[PDB]
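Below is one structure, written out as structure tokens, with a few remarks after it.
Starting from 1, each residue takes its place in the sequence as its number.
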Amino acid sequence: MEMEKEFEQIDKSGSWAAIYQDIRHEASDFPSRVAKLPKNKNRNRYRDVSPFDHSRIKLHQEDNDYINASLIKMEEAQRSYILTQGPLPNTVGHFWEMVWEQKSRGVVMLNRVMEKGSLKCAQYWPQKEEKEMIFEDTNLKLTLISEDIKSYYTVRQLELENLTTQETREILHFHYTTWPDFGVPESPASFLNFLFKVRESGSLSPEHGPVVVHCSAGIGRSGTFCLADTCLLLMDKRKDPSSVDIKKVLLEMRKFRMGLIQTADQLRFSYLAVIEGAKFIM
Ligand SMILES: Cc1sc2ncnc(N(C)C)c2c1C
Ligand SMILES: Cc1sc2ncnc(N(C)C)c2c1C
Ligand SMILES: Cc1sc2ncnc(N(C)C)c2c1C
Ligand SMILES: Cc1sc2ncnc(N(C)C)c2c1C
């Protein structure tokens, strides 16, 4: 079926939970043996969210190459994304090592450091120009260059230096700051505006390594971001945009990381975002 009318048909019939459970039943199951090794317990935020072995990002290290991060490679859309958990106190150096080694231009953050009164990720970037951060375990230096605070999101320019080679690179930090503590946003308008700002920066384009996107577990809000981006790109590329099947795209993405889209409300919100977004593109 088309999307917008499939949408109203699920609303009128109140069957979002049943649709979402079907997706959960059909999703791929691949091994994640490296994630479950005992030496990696303090590298995982949640025991039930792990990268598959076949798609995990490897650190360029011989001691321990493990990080909780996955490469989502979308062949028809010609887009790739790295989805990862919010960094932990003992993985902030690994996180920036990955950004460096994968040649990423942008980092997309969809959570606040504290939500619901608890810490959802480490304070992994510097908050003042004159107070830079040094990650001694991976030999990197990170400096805040500029910050632009808007009503729904903040954009930061960061300098990452590889202290071993003295090479430097500019990284863009795109921080969506207004996702509610509970539920999903009422309108997709600010989320779509944010997606378009990431696109306009070059961070999603083939001349750079894959964008790094995270929330707390790296599957819910993060899944919504890449699902909406890929569906909108396919609607532009195909002769028949009504042929784009958001459930089929989501199942393809779930071949590369488990659990993408965590609730039926996030599934409905993803439909809403693609539907409204397709009208603005034209
Ligand atoms: C006026 C300019 S030039 C420039 N180059 C890189 N990053 C920037 N941000 C997002 C702060 C800027 C701004 C705000
Ligand atoms: C002159 C340039 S280059 C560039 N790259 C990314 N974003 C931009 N804007 C609009 C915030 C710009 C602008 C305004
Ligand atoms: C040279 C660059 S990169 C970039 N990314 C996001 N916003 C920006 N602007 C318009 C403030 C910029 C600028 C000016
Ligand atoms: C939903 C939105 S916001 C926005 N801002 C600038 N350009 C856009 N297009 C057409 C690429 C969009 C779209 C499609």
Side-chain angles (χ1 to χ4, degrees), residues 24 27-73 80-102 104 107-126 133-142 160 162-164 173 175 179 181 209-226 253-263 266:
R24 291 189 59 161
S28 302
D29 191 22
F30 291 114
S32 309
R33 286 167 209 131
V34 179
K36 303 308 281 172
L37 297 173
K39 66 175 174 162
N40 291 324
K41 197 156 180 180
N42 78 342
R43 290 181 184 215
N44 296 310
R45 185 175 285 285
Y46 303 105
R47 56 153 177 71
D48 58 333
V49 180
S50 301
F52 298 140
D53 295 321
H54 78 89
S55 55
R56 75 185 182 94
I57 300 294
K58 298 178 186 184
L59 307 172
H60 299 177
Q61 229 255 96
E62 40 190 28
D63 170 52
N64 190 342
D65 72 6
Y66 179 74
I67 181 168
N68 193 319
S70 307
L71 180 66
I72 302 3
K73 189 171 186 195
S80 296
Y81 318 85
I82 293 167
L83 269 64
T84 191
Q85 69 186 14
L88 291 156
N90 61 296
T91 70
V92 172
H94 307 149
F95 178 89
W96 288 113
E97 176 185 2
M98 175 175 66
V99 168
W100 183 268
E101 287 167 357
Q102 302 300 315
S104 309
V107 172
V108 174
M109 173 170 182
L110 303 171
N111 65 289
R112 294 168 300 281
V113 166
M114 178 166 284
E115 300 182 5
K116 296 179 183 182
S118 298
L119 293 173
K120 297 297 167 194
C121 87
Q123 182 60 54
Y124 66 86
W125 72 94
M133 290 177 81
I134 295 173
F135 305 101
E136 296 185 342
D137 60 337
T138 55
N139 214 32
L140 292 158
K141 176 176 107 172
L142 183 67
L160 187 62
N162 178 349
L163 292 172
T164 300
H173 194 240
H175 189 182
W179 196 294
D181 270 9
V211 69
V212 171
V213 348
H214 79 87
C215 47
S216 191
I219 61 174
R221 298 173 200 176
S222 290
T224 301
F225 183 89
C226 60
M253 292 185 161
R254 278 194 178 215
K255 299 178 179 172
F256 301 92
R257 188 171 175 82
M258 62 171 67
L260 303 181
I261 309 297
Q262 282 178 292
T263 69
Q266 281 175 6

Inset, instruction - Would you please classify the geometry between the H54 ring and the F256 ring as parallel, tilted or perpendicular, with 30° and 60° separating the classes? - result: tilted
Legend entry - Taking every non-hydrogen atom, the tightest pair across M258 and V49: SD-CA, 4.1 Å
Legend entry - Heavy-atom pair with the smallest gap, counting every atom of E97 and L140: N-CD1, 3.5 Å
Inset, instruction - For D29, enumerate each residue passing the side chain to side chain donor-acceptor pair (under 3.5 Å) test, keeping only those at least two apart in sequence or located in another chain. - result: none
Inset, instruction - Determine which pairs satisfy salt bridge (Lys or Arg N to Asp or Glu O under 4.0 Å) with at least one residue from residues 59-73, sequence neighbours left out, and list them in order. - result: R56-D65
Legend entry - Pairs touching residues 40-54 that satisfy salt bridge (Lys or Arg N to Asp or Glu O under 4.0 Å), sequence neighbours left out: none
Legend entry - From OH (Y81) to OG (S104), nearest 0.5 Å: 14.0 Å
Inset, instruction - Identify, with sequence neighbours excluded, every residue that meets side chain to side chain donor-acceptor pair (under 3.5 Å) alongside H173. - result: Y124, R156
Legend entry - Shortest non-hydrogen contact from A35 toward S50: CB-CB, 3.7 Å
Inset, instruction - Report yes if the side chains of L110 and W179 come closer than 4.5 Å at any heavy-atom pair, otherwise no. - result: no
Legend entry - Chi angles and distances behind the side-chain contact (heavy atoms from CB on, under 4.5 Å) call for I82, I57: CA-CA 8 Å; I82 293 167; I57 300 294; 3.9 Å; yes
Legend entry - Backbone N/O of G220 and side chain of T224: donor-acceptor pair under 3.5 Å: yes
Inset, instruction - Would you give the length of the straight line joining atom CD1 of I72 to atom CG of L260, rounded to the nearest 0.5 angstrom? - result: 6.0 Å
Inset, instruction - Take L83 and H214, measure what side-chain contact (heavy atoms from CB on, under 4.5 Å) needs, and give me the verdict at the end. - result: CA-CA 6 Å; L83 269 64; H214 79 87; over 6 Å; no
Legend entry - For the student: nearest non-hydrogen atoms of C121 and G86, plus distance: CB-CA, 3.7 Å
Inset, instruction - Kindly say whether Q85 contributes a backbone atom to a donor-acceptor pair with the side chain of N68 at under 3.5 angstrom? - result: no
Inset, instruction - Please examine the side chains of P51 and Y66, heavy atoms only from C-beta on, and report whether any two atoms are closer than 4.5 Å. - result: yes
Inset, instruction - Indicate yes or no for a side-chain donor-acceptor contact from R254 to the backbone of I261 under 3.5 Å, with no hydrogens or angles considered. - result: yes
Legend entry - Student check: side-chain heavy atoms of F135 and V92 closer than 4.5 Å: yes
Inset, instruction - Classify the side-chain pair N40/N64 by whether it contains a donor and acceptor separated by less than 3.5 Å. - result: yes
Inset, instruction - Dump the intermediate steps for side-chain contact (heavy atoms from CB on, under 4.5 Å) on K36 and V34, then the final yes or no. - result: CA-CA 5 Å; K36 303 308 281 172; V34 179; over 6 Å; no
Legend entry - Donor-acceptor contact present, side-chain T263 to main-chain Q266, <3.5 Å: yes
Legend entry - Side chain proximity check, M98 to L59, heavy atoms < 4.5 angstrom: yes
Inset, instruction - With rounding to the nearest 0.5 Å, note down the distance linking NZ in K255 to CZ in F30. - result: 7.5 Å
Inset, instruction - For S216, check side chain to side chain donor-acceptor pair (under 3.5 Å) against everything at least two apart and list the hits. - result: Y46
Inset, instruction - List the steps and the verdict of side-chain contact (heavy atoms from CB on, under 4.5 Å) for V212 and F95. - result: CA-CA 10 Å; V212 171; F95 178 89; 3.9 Å; yes
Inset, instruction - Report yes if the side chains of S222 and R257 come closer than 4.5 Å at any heavy-atom pair, otherwise no. - result: no
Legend entry - Qualifying salt bridge (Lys or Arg N to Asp or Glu O under 4.0 Å) pairs with a residue from residues 215-224, counting only residues at least two apart or across chains: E115-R221
Legend entry - Close side-chain approach of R112 to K120, heavy-atom, < 4.5 Å: no
Inset, instruction - Search all heavy atoms of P210 against all heavy atoms of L71 and return the closest pair with its distance. - result: CG-CD1, 3.9 Å
Inset, instruction - Report yes if the side chains of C226 and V213 come closer than 4.5 Å at any heavy-atom pair, otherwise no. - result: no
Legend entry - Candidate pair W125 and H175, rule ring pair (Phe, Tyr, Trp, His ring centres under 6.0 Å), full reasoning: CA-CA 12 Å; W125 72 94; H175 189 182; 5.7 Å; yes
Inset, instruction - May I ask you to test the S70-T84 pair for a side-chain heavy-atom distance under 4.5 Å? - result: no
